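Structure, as structure tokens:
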Amino acid sequence: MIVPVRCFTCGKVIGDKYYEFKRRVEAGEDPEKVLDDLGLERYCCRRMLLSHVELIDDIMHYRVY
Amino acid sequence: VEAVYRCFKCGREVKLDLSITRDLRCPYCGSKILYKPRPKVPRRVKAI
Amino acid sequence: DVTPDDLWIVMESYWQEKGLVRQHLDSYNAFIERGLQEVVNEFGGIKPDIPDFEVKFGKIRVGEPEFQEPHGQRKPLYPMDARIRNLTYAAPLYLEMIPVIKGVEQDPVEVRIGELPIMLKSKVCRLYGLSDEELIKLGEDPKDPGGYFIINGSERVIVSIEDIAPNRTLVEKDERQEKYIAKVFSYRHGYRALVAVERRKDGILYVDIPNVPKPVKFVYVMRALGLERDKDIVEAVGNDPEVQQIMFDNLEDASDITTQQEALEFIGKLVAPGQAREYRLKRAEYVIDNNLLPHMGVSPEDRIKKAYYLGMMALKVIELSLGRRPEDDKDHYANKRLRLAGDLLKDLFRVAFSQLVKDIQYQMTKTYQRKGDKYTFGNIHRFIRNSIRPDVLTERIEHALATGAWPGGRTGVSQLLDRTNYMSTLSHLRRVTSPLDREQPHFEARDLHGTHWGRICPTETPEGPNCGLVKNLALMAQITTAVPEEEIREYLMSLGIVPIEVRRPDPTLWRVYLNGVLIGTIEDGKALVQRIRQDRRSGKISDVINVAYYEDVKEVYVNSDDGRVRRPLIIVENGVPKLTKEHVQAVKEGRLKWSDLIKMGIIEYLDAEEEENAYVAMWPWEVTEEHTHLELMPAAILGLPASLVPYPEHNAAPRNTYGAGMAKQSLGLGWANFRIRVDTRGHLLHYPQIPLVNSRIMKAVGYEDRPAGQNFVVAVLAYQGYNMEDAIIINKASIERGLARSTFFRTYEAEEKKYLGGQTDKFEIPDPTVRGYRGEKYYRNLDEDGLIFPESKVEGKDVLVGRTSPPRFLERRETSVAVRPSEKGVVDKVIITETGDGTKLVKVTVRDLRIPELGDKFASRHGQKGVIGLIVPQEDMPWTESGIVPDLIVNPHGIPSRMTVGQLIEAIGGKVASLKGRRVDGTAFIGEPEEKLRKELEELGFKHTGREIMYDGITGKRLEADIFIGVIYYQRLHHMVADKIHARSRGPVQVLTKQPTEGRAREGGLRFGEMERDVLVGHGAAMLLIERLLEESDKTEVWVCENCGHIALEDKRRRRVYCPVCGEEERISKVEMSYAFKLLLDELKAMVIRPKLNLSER
DNA sequence: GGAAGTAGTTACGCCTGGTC
DNA sequence: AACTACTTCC
RNA sequence: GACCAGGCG
Ligand SMILES: [Zn+2]
Ligand SMILES: [Zn+2]
Ligand SMILES: [Zn+2]
């Protein structure tokens, strides 16, 4: 849905890094280099950013009022 | 009894009484479906 | 040559142009475009009992989806409103009537004959051809593929039925009487006829007709069908000398007894027993014209063609007798045609239209007789309009769709659509079922056939009774829609085929069969087949046409029917495939589409018959001059849930089946529309994730936009014996951070029902003076209107819609709606609306947060099911030298017995994907090899085996062995322990048997069956058996008259006990027995049986 | 002795929903 | 359906 | 209450 605030495994905060990672990867930079620059060294943290889906945009359209 | 109701297609509020009004419809877009709105009261939620 | 990675582009284009539900949409669009008018053309004009009046039928027209308000008019209706207000998403159906007054036709009148339910996303629905934003504005998920119906607010999907090919004769051996049996299922206007011929052990030929109670000698039927001459019969059946002799022997004993004119009478004796000779003749000719080979026709002119077809069937059974041909396989897909939504709707509409036609005839006759001819001919339009009564057809169709019981013996045709997630819905929309009974051991029908390759998924099938009988389509499968047969017949005849009337079949002449019926004869049948396929590739012949030949028996089969499962292949000619690199580039750049490639003759569609003639290669480097086709993508032979599994060829087949079946039960964002959707139950994983090791097919289909599951860090070690026996150990810190979190939705419904006489019920908070009043605490959250405020915490047995009904006790009774006794949550949404009839309707949705706990079921894509055996704090979990803590631990003892190497390869691939920052391709046969993954893991700085040095959290020292750890995509299934736990101390009982009710929803009791009774007996526990089966179910006391043995009567008014049968008052004593046994005594005293009871002193 | 007919069975729970 | 076992006409 | 369908071991 929306990017998790913390890594499920070790609790490192990765909420802010997702949008930077997405824009840098779309810019054409190497994903490994981007993830290293962001500070995610453990592959548990890299799993959180690499496998996340922004589903909030696709469901914001329907309101419950 | 006048009750606050919210339309389905449009989000703007509609006022009527179910017991009296035989026909329920938003008198602006003709929508038969309405939402009972959330009361403006505090709700305590445990963050766990 | 072309890389398989380049054929992937073409396959992706195939899935892009045509969705995953194209079979339903194609069949239903064909039904609407031509099927309805075809049915109405079968149903000739209504002729009533009027002197000079009858009505012809014009053109069927279906309008836009609209709903007639009870007090308003036909407003436009959209699917969301249809599925929220509990309506049926249907459209008006209009039929023109042509009145024929004394042989002349007046101006037409358009009358509505009923409503026809509309399948979503079809060419008549309001969602057709709408952009994503337009569908979103209508409160719909643009990812939804349609292909289903909405009937009374519920989504119904019609599952295709794997029937036997119609009008095709199959030969097989009885193996009991040494009788060769050849049967055909002739279809005409929705009616099937099982015409079979039989060569018994005596060498005589017998024919079976469904409505003829006894078999009849074949020559008798042949002569009854207009074949006067014996030599003509012998020539027509066959020209081979051995067959000629067999027919001569079979015909001498027939001609010596029954001639041409005698055969009809002989059949009439069995069909219509009695002395009425004219009635016997009428019944015999009726069962000949209608009940024997109906597909040939019902007119006497079609009798002769029936004779030719019967002769061909006899020739086939004789050839089987001589062993010149093998037995016909019934599981071979050349012999099975699917029945889709279009044809099933056609049959159902035919039945409903027959009902409507008969009803209108009755109404017309009655109204004419009961008001003469004053206005029937003065104004015929009103006479027709008032006699319509259109509700019959719509009620019949809607009832059939809602219950699923089709006309005839078919049941379960329409099933409730599964909306657990994306995979479940799409797989349900791509499902195939067999009509065979699930109880019987259909060993030949429950096994995988070689013809299933590319047509049916080899691994996705349910466990248990339905195994093998319920099948799902392969991703490359395409199901045909029929083309007009007459044009195909004319083209084939123009190709050089001469009809059998002019030229008779000969051993050196090819027998050509179109659509399973023999049409003519040609020489050099291979040339005809080559010309046919060359014409099809050139584009002048439609795609649906398929042709095959058989050198063994010199037969050319041409198929143009509907319901054939086909697969696409690349045409290979002279060792060079037709597809080239420039075609792939054009497809990639969007200049070329899949239909274009099919039209140019680059890619071909083959069913089982044509594939029999093929020699298919599997890889481009395997192509030789002898190959006829090349496989577009061998990984597309799997189903969709089966394609979810990564590295499926490194797993055992049972585990692949388990994983494919469990992929349809996972939790995730199945549809973005869930918030405003009203559904009985639903789930929502709070943080779905893309599988790090995933197939490219999953991205092409769209599973990535609706993922269901998460990537876990999995360590394979034994930990405190709490993951023993397929149990799973999980991390508490991971759960508390959102791992596998989910929310459960339930939607309760309350309707303000309007009873007869104006006695309505009311939405209100009931006063305590009403009967059946619950506690005043249960109405705590209710509003004065009578509805619970949203976002108000609701626990078990709290009411949501306070409701009171008119009294019917022998004050107003209470019928309010409360949550189920074992369910809690928060009121997410309360909507109010109006029903179809006009009564008020309210839907209340309650959401319950389900944090994982002990007992919740988790599964991986490789079939490793398990429940949480323990929830361990993070400080107790082991950790790796790289700082990696598992989110989940699995016992190694579950790996080797199951032989799921694919799970280990997926763990390696997931670790490599996380380290690289690029997801790993795990496609079925072109995915990244395990050797490459191990080498890459080695180069990334980790051990190539995937084992890592781990430390014990409890004691702090490193484990002796290097622990295998990786990233595996685990999914949480909807089998939560909160939805299954049940306990009943004491509660309601059934009225009939006084035993506890059945079901978790109604405080039911657990059935202590007879198997448990034998278990208790084998232990010697006699008093425990008494306590479990007598005290705790239905213990009662009865009065028995010792003199007679009947049951004595106790008069509570007179305070006396006596036996009415004999009038005894002193020899009466109590006995103790289960109420079920007293009921049994009652049912035995019924049907006149006397169960006299003898009593003993204890 | 056939040679057909006829009848009698075909695991145990459990859960969900939907329609009568 | 697919097995058995009778039954029962032959 | 009994019918159907889908699952679970
Ligand atoms: Zn981490
Ligand atoms: Zn409105
Ligand atoms: Zn007595």
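Ordered as shown in the structure tokens, chains take letters A, B, and onward, while each chain numbers its residues from 1 and ligands are numbered from 1 in the order shown.
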Pick out the chain C residues within 6 Å of chain B. Count only C-alpha atoms. Give them as an mmCIF file with N, CA and C atoms, in the first residue's frame.
```
data_model
loop_
_atom_site.group_PDB
_atom_site.id
_atom_site.type_symbol
_atom_site.label_atom_id
_atom_site.label_comp_id
_atom_site.auth_asym_id
_atom_site.auth_seq_id
_atom_site.Cartn_x
_atom_site.Cartn_y
_atom_site.Cartn_z
ATOM 1 N N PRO C 790 -20.829 4.719 12.292
ATOM 2 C CA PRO C 790 -19.575 4.149 11.796
ATOM 3 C C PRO C 790 -18.419 4.430 12.743
ATOM 4 N N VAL C 830 -21.274 2.188 6.917
ATOM 5 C CA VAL C 830 -22.713 1.960 6.985
ATOM 6 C C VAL C 830 -23.348 2.685 5.810
ATOM 7 N N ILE C 831 -23.983 1.934 4.915
ATOM 8 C CA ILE C 831 -24.677 2.518 3.777
ATOM 9 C C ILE C 831 -26.161 2.213 3.901
ATOM 10 N N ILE C 832 -26.974 3.111 3.357
ATOM 11 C CA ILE C 832 -28.420 2.951 3.303
ATOM 12 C C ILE C 832 -28.848 3.084 1.850
ATOM 13 N N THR C 833 -29.804 2.261 1.436
ATOM 14 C CA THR C 833 -30.225 2.252 0.044
ATOM 15 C C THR C 833 -31.617 1.644 -0.052
#
```
**Message:** Env of residue 3 in chain F: 10 Å cut, atoms = only C-alpha atoms (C1' of nucleotides), seq-sep filter 3 positions within chain, self excluded. Answer as an MDAnalysis selection string.
**Reply:** (chainID C and resid 403) or (chainID D and resid 19:20)
Contacts with ligand 1 at most 7 Å, only C-alpha atoms (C1' of nucleotides) and all ligand atoms counted, listed as JSON, numbers by chain | {"A": [7, 8, 9, 10, 11, 12, 42, 43, 44, 45]}
Take the residues from that selection and put them in a file with N, CA and C atoms, as a PDB file, in the first residue's frame.
```pdb
ATOM      1  N   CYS A   7      12.003  -1.356   8.379  1.00  0.00           N
ATOM      2  CA  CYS A   7      12.315  -2.670   7.836  1.00  0.00           C
ATOM      3  C   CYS A   7      11.728  -3.752   8.732  1.00  0.00           C
ATOM      4  N   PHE A   8      11.046  -4.722   8.116  1.00  0.00           N
ATOM      5  CA  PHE A   8      10.351  -5.749   8.889  1.00  0.00           C
ATOM      6  C   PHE A   8      11.314  -6.581   9.722  1.00  0.00           C
ATOM      7  N   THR A   9      12.569  -6.682   9.296  1.00  0.00           N
ATOM      8  CA  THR A   9      13.519  -7.599   9.910  1.00  0.00           C
ATOM      9  C   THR A   9      14.307  -6.961  11.047  1.00  0.00           C
ATOM     10  N   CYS A  10      14.977  -5.843  10.778  1.00  0.00           N
ATOM     11  CA  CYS A  10      15.866  -5.224  11.750  1.00  0.00           C
ATOM     12  C   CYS A  10      15.376  -3.870  12.244  1.00  0.00           C
ATOM     13  N   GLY A  11      14.236  -3.390  11.755  1.00  0.00           N
ATOM     14  CA  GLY A  11      13.651  -2.167  12.258  1.00  0.00           C
ATOM     15  C   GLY A  11      14.286  -0.883  11.772  1.00  0.00           C
ATOM     16  N   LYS A  12      15.224  -0.947  10.831  1.00  0.00           N
ATOM     17  CA  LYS A  12      15.804   0.269  10.278  1.00  0.00           C
ATOM     18  C   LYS A  12      14.741   1.069   9.538  1.00  0.00           C
ATOM     19  N   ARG A  42      22.451  -4.274   4.588  1.00  0.00           N
ATOM     20  CA  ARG A  42      21.830  -5.573   4.805  1.00  0.00           C
ATOM     21  C   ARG A  42      20.773  -5.824   3.739  1.00  0.00           C
ATOM     22  N   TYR A  43      20.746  -7.049   3.210  1.00  0.00           N
ATOM     23  CA  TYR A  43      19.809  -7.338   2.132  1.00  0.00           C
ATOM     24  C   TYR A  43      18.371  -7.417   2.623  1.00  0.00           C
ATOM     25  N   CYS A  44      18.160  -7.543   3.935  1.00  0.00           N
ATOM     26  CA  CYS A  44      16.806  -7.459   4.470  1.00  0.00           C
ATOM     27  C   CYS A  44      16.205  -6.082   4.220  1.00  0.00           C
ATOM     28  N   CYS A  45      17.001  -5.024   4.408  1.00  0.00           N
ATOM     29  CA  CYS A  45      16.518  -3.674   4.134  1.00  0.00           C
ATOM     30  C   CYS A  45      16.322  -3.446   2.643  1.00  0.00           C
TER      31      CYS A  45
END
```
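Atom pair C1' of residue 1 in chain F / CA of residue 404 in chain C: separated by 20.7 Å.
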**Prompt:** So which residues are near ligand 3, meaning at most 12 Å away with only C-alpha atoms (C1' of nucleotides) and all ligand atoms counted, given back as a VMD selection string?
**Reply:** chain C and resid 1039 to 1049 1057 to 1069 1092 to 1093
What would the file look like if the residues just selected were written as a short mmCIF file (atom, residue, chain, number, x, y, z; two decimals), in the first residue's frame with N, CA, C and O atoms?
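The resulting file, part-v7.cif, is reproduced below:
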```cif
data_model
loop_
_atom_site.label_atom_id
_atom_site.label_comp_id
_atom_site.auth_asym_id
_atom_site.auth_seq_id
_atom_site.Cartn_x
_atom_site.Cartn_y
_atom_site.Cartn_z
N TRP C 1039 -42.59 -43.16 29.51
CA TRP C 1039 -43.45 -44.05 30.28
C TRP C 1039 -43.88 -45.21 29.40
O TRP C 1039 -44.45 -45.00 28.32
N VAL C 1040 -43.61 -46.43 29.85
CA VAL C 1040 -43.89 -47.64 29.09
C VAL C 1040 -44.85 -48.51 29.87
O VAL C 1040 -44.66 -48.74 31.07
N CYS C 1041 -45.90 -48.98 29.20
CA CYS C 1041 -46.86 -49.90 29.80
C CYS C 1041 -46.28 -51.31 29.76
O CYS C 1041 -46.02 -51.85 28.68
N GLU C 1042 -46.08 -51.90 30.94
CA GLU C 1042 -45.49 -53.23 31.01
C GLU C 1042 -46.43 -54.29 30.44
O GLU C 1042 -45.98 -55.34 29.99
N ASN C 1043 -47.74 -54.03 30.46
CA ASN C 1043 -48.70 -55.02 29.98
C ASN C 1043 -48.65 -55.15 28.47
O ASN C 1043 -48.62 -56.26 27.93
N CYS C 1044 -48.65 -54.02 27.76
CA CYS C 1044 -48.67 -54.03 26.30
C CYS C 1044 -47.31 -53.79 25.67
O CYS C 1044 -47.02 -54.36 24.61
N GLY C 1045 -46.47 -52.96 26.28
CA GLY C 1045 -45.22 -52.56 25.67
C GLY C 1045 -45.27 -51.26 24.89
O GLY C 1045 -44.21 -50.75 24.50
N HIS C 1046 -46.46 -50.71 24.65
CA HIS C 1046 -46.56 -49.41 24.01
C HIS C 1046 -46.15 -48.30 24.96
O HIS C 1046 -45.84 -48.52 26.14
N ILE C 1047 -46.14 -47.08 24.44
CA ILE C 1047 -45.74 -45.91 25.21
C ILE C 1047 -46.96 -45.38 25.96
O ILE C 1047 -47.98 -45.04 25.35
N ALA C 1048 -46.86 -45.31 27.28
CA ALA C 1048 -47.95 -44.80 28.09
C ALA C 1048 -48.09 -43.29 27.92
O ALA C 1048 -47.17 -42.60 27.47
N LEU C 1049 -49.26 -42.78 28.29
CA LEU C 1049 -49.57 -41.36 28.20
C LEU C 1049 -49.65 -40.76 29.59
O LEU C 1049 -50.25 -41.36 30.49
N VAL C 1057 -51.05 -41.16 34.84
CA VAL C 1057 -50.28 -41.86 33.82
C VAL C 1057 -50.99 -43.17 33.51
O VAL C 1057 -51.34 -43.92 34.42
N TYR C 1058 -51.23 -43.42 32.22
CA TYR C 1058 -51.98 -44.60 31.82
C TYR C 1058 -51.65 -44.94 30.37
O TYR C 1058 -51.07 -44.14 29.64
N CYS C 1059 -52.02 -46.16 29.98
CA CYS C 1059 -51.82 -46.65 28.62
C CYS C 1059 -53.15 -46.63 27.88
O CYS C 1059 -54.04 -47.43 28.20
N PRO C 1060 -53.33 -45.75 26.89
CA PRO C 1060 -54.61 -45.72 26.16
C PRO C 1060 -54.92 -47.02 25.43
O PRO C 1060 -56.10 -47.32 25.22
N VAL C 1061 -53.90 -47.79 25.04
CA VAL C 1061 -54.14 -49.00 24.26
C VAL C 1061 -54.84 -50.06 25.10
O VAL C 1061 -55.69 -50.79 24.60
N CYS C 1062 -54.49 -50.16 26.38
CA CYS C 1062 -55.05 -51.19 27.24
C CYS C 1062 -55.68 -50.66 28.52
O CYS C 1062 -56.34 -51.44 29.22
N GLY C 1063 -55.52 -49.38 28.84
CA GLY C 1063 -56.08 -48.84 30.06
C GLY C 1063 -55.47 -49.37 31.35
O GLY C 1063 -56.20 -49.69 32.29
N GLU C 1064 -54.14 -49.47 31.41
CA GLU C 1064 -53.45 -49.90 32.61
C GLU C 1064 -52.91 -48.68 33.36
O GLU C 1064 -52.49 -47.70 32.74
N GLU C 1065 -52.94 -48.75 34.69
CA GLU C 1065 -52.46 -47.65 35.51
C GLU C 1065 -51.43 -48.12 36.53
O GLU C 1065 -50.69 -47.30 37.08
N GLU C 1066 -51.38 -49.42 36.78
CA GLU C 1066 -50.47 -49.93 37.81
C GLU C 1066 -49.17 -50.47 37.22
O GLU C 1066 -48.13 -50.39 37.87
N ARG C 1067 -49.21 -51.02 36.01
CA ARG C 1067 -48.01 -51.56 35.36
C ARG C 1067 -47.40 -50.52 34.42
O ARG C 1067 -47.29 -50.73 33.21
N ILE C 1068 -47.02 -49.39 34.99
CA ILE C 1068 -46.40 -48.29 34.24
C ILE C 1068 -45.11 -47.90 34.95
O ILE C 1068 -45.11 -47.67 36.17
N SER C 1069 -44.02 -47.81 34.20
CA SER C 1069 -42.73 -47.48 34.78
C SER C 1069 -41.93 -46.63 33.80
O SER C 1069 -42.12 -46.71 32.58
N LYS C 1092 -42.79 -53.50 20.28
CA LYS C 1092 -43.11 -53.79 21.67
C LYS C 1092 -41.85 -53.82 22.51
O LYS C 1092 -40.85 -54.44 22.14
N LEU C 1093 -41.90 -53.16 23.66
CA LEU C 1093 -40.75 -53.02 24.55
C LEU C 1093 -40.94 -53.91 25.78
O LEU C 1093 -42.00 -53.89 26.40
#
```
Using only C-alpha atoms (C1' of nucleotides), the shortest atom-to-atom distance to residue 6 in chain F among C:738, C:462, C:129, C:142 belongs to C:462
Run DSSP on the backbone and tell me which residues of range 634-856 of chain C come out as alpha helix (DSSP H); list them as a list in words. residues 640, 641, 642, 643, 644, 653, 654, 655, 656, 657, 658, 659, 660, 661, 662, 696, 697, 698, 699, 700, 701, 732, 733, 734, 735 and 736 of chain C
The selected residues should be written to file as a compact mmCIF listing (two decimals), in the first residue's frame (atoms: C-alpha atoms).
```txt
# COMPACT_ATOMS: atom_id res chain seq x y z
CA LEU C 640 -1.80 -18.80 -13.90
CA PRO C 641 -1.52 -19.90 -10.23
CA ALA C 642 0.92 -22.55 -11.45
CA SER C 643 2.89 -19.80 -13.21
CA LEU C 644 3.10 -17.99 -9.87
CA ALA C 653 4.71 -32.50 -8.97
CA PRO C 654 2.56 -32.87 -5.79
CA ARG C 655 4.30 -29.86 -4.25
CA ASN C 656 3.76 -27.82 -7.41
CA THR C 657 0.08 -28.76 -7.23
CA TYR C 658 -0.06 -27.73 -3.57
CA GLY C 659 1.61 -24.40 -4.31
CA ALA C 660 -0.66 -23.65 -7.26
CA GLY C 661 -3.72 -24.45 -5.16
CA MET C 662 -2.51 -22.42 -2.18
CA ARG C 696 7.97 -12.67 -16.26
CA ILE C 697 4.48 -14.05 -16.89
CA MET C 698 3.41 -12.66 -13.51
CA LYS C 699 4.36 -9.15 -14.61
CA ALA C 700 2.80 -9.59 -18.06
CA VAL C 701 -0.50 -10.80 -16.58
CA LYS C 732 7.61 -11.30 17.14
CA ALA C 733 9.43 -8.08 16.24
CA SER C 734 8.71 -8.67 12.55
CA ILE C 735 5.00 -9.14 13.28
CA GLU C 736 4.91 -6.02 15.44
```
Report as a CSV table (one decimal) with N, CA, C and O atoms, in the first residue's frame the set of chain C residues whose atoms approach chain D to within 10 Å, with distances computed over only C-alpha atoms (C1' of nucleotides).
```
chain,number,residue,atom,x,y,z
C,154,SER,N,-25.1,-10.6,-6.3
C,154,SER,CA,-24.0,-11.5,-6.1
C,154,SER,C,-23.3,-11.7,-7.5
C,154,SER,O,-24.0,-11.8,-8.5
C,399,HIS,N,-33.2,-17.1,-11.9
C,399,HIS,CA,-33.2,-18.2,-11.0
C,399,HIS,C,-32.1,-19.2,-11.4
C,399,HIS,O,-31.4,-19.7,-10.5
C,402,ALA,N,-28.7,-17.7,-10.6
C,402,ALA,CA,-28.5,-17.5,-9.2
C,402,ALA,C,-28.2,-18.9,-8.5
C,402,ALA,O,-27.4,-19.0,-7.6
C,403,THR,N,-29.0,-19.9,-8.8
C,403,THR,CA,-28.9,-21.2,-8.2
C,403,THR,C,-27.8,-22.1,-8.9
C,403,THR,O,-27.2,-22.9,-8.2
C,404,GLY,N,-27.6,-21.9,-10.1
C,404,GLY,CA,-26.6,-22.7,-10.9
C,404,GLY,C,-27.2,-24.0,-11.4
C,404,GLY,O,-26.4,-24.7,-12.1
C,415,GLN,N,-21.3,-20.6,-10.6
C,415,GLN,CA,-20.7,-20.6,-9.3
C,415,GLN,C,-20.4,-19.2,-8.8
C,415,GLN,O,-20.2,-18.3,-9.6
C,416,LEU,N,-20.4,-19.0,-7.5
C,416,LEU,CA,-20.1,-17.7,-6.9
C,416,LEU,C,-18.6,-17.4,-7.2
C,416,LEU,O,-17.7,-18.2,-6.9
C,439,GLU,N,-17.5,-39.1,-7.1
C,439,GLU,CA,-17.4,-40.2,-6.2
C,439,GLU,C,-16.7,-41.4,-6.8
C,439,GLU,O,-15.9,-42.1,-6.2
C,440,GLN,N,-17.0,-41.6,-8.1
C,440,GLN,CA,-16.5,-42.8,-8.8
C,440,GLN,C,-15.0,-42.6,-9.1
C,440,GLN,O,-14.5,-41.5,-9.3
C,441,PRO,N,-14.3,-43.7,-9.1
C,441,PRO,CA,-12.8,-43.7,-9.5
C,441,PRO,C,-12.6,-43.7,-11.0
C,441,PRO,O,-12.2,-44.7,-11.6
C,680,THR,N,-19.5,-10.5,1.4
C,680,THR,CA,-19.7,-11.2,2.7
C,680,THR,C,-18.5,-11.3,3.5
C,680,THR,O,-18.5,-11.1,4.7
C,681,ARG,N,-17.3,-11.6,2.9
C,681,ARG,CA,-16.1,-11.7,3.6
C,681,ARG,C,-14.9,-11.2,2.7
C,681,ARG,O,-15.0,-11.4,1.4
C,975,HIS,N,-6.9,-19.1,6.2
C,975,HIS,CA,-7.3,-20.1,7.3
C,975,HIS,C,-6.7,-19.6,8.6
C,975,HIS,O,-5.7,-20.2,9.1
C,979,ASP,N,-10.9,-17.8,12.9
C,979,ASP,CA,-12.1,-18.1,12.1
C,979,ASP,C,-12.5,-19.6,12.2
C,979,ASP,O,-13.5,-20.0,11.6
C,980,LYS,N,-11.8,-20.4,13.0
C,980,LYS,CA,-12.0,-21.8,13.1
C,980,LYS,C,-12.3,-22.3,14.5
C,980,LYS,O,-12.9,-23.4,14.6
C,999,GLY,N,-23.1,-26.5,13.2
C,999,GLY,CA,-22.4,-25.4,12.6
C,999,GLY,C,-21.8,-24.4,13.7
C,999,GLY,O,-22.3,-24.2,14.7
C,1000,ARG,N,-20.6,-23.8,13.3
C,1000,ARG,CA,-20.0,-22.8,14.2
C,1000,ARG,C,-20.8,-21.6,14.3
C,1000,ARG,O,-20.8,-20.9,15.3
C,1001,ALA,N,-21.6,-21.3,13.2
C,1001,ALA,CA,-22.4,-20.0,13.2
C,1001,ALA,C,-23.6,-20.1,14.1
C,1001,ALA,O,-24.2,-19.0,14.4
C,1006,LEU,N,-20.1,-30.7,18.1
C,1006,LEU,CA,-19.3,-31.5,17.2
C,1006,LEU,C,-19.9,-32.9,17.1
C,1006,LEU,O,-20.3,-33.5,18.1
C,1007,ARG,N,-19.9,-33.5,15.9
C,1007,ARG,CA,-20.5,-34.8,15.6
C,1007,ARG,C,-19.5,-35.9,16.1
C,1007,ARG,O,-18.4,-36.0,15.7
C,1008,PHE,N,-20.0,-36.6,17.1
C,1008,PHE,CA,-19.3,-37.8,17.6
C,1008,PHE,C,-19.8,-39.0,16.8
C,1008,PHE,O,-20.7,-39.7,17.2
C,1009,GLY,N,-19.2,-39.2,15.6
C,1009,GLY,CA,-19.7,-40.2,14.7
C,1009,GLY,C,-19.5,-41.6,15.1
C,1009,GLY,O,-19.0,-41.9,16.2
C,1010,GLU,N,-20.0,-42.5,14.2
C,1010,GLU,CA,-19.9,-43.9,14.6
C,1010,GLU,C,-18.5,-44.5,14.6
C,1010,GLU,O,-18.2,-45.4,15.3
C,1011,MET,N,-17.6,-43.8,13.8
C,1011,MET,CA,-16.2,-44.2,13.9
C,1011,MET,C,-15.6,-44.0,15.2
C,1011,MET,O,-14.9,-44.8,15.8
C,1012,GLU,N,-15.9,-42.8,15.8
C,1012,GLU,CA,-15.5,-42.6,17.2
C,1012,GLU,C,-16.2,-43.5,18.2
C,1012,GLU,O,-15.7,-43.8,19.2
```
For chain E, report every residue with an atom at most 12 Å from chain C (counting only C-alpha atoms (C1' of nucleotides)), formatted as a PyMOL selection string. chain E and resi 1-3
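Taking only range 9-38 of chain B, the residues that DSSP calls strand (DSSP E or B) from the backbone come to residues 13, 14, 15, 16, 34 and 35 of chain B.
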Kindly save the residues from that selection, with N, CA, C and O atoms included, as a short mmCIF file (atom, residue, chain, number, x, y, z; two decimals), in the first residue's frame.
```
data_model
loop_
_atom_site.label_atom_id
_atom_site.label_comp_id
_atom_site.auth_asym_id
_atom_site.auth_seq_id
_atom_site.Cartn_x
_atom_site.Cartn_y
_atom_site.Cartn_z
N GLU B 13 -23.65 16.61 1.44
CA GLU B 13 -24.56 16.05 2.43
C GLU B 13 -26.02 16.20 1.99
O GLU B 13 -26.40 17.15 1.31
N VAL B 14 -26.84 15.21 2.38
CA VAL B 14 -28.26 15.16 2.07
C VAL B 14 -29.02 14.92 3.38
O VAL B 14 -28.58 14.13 4.21
N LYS B 15 -30.15 15.61 3.55
CA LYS B 15 -30.93 15.57 4.79
C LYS B 15 -32.31 14.99 4.51
O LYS B 15 -33.03 15.50 3.65
N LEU B 16 -32.69 13.95 5.26
CA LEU B 16 -34.05 13.43 5.22
C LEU B 16 -34.24 12.45 6.37
O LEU B 16 -33.35 12.24 7.19
N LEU B 34 -26.85 6.03 -0.23
CA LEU B 34 -26.35 7.04 0.68
C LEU B 34 -25.41 6.40 1.69
O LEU B 34 -25.49 5.20 1.98
N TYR B 35 -24.52 7.22 2.24
CA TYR B 35 -23.60 6.82 3.29
C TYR B 35 -24.07 7.42 4.61
O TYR B 35 -24.37 8.62 4.67
#
```
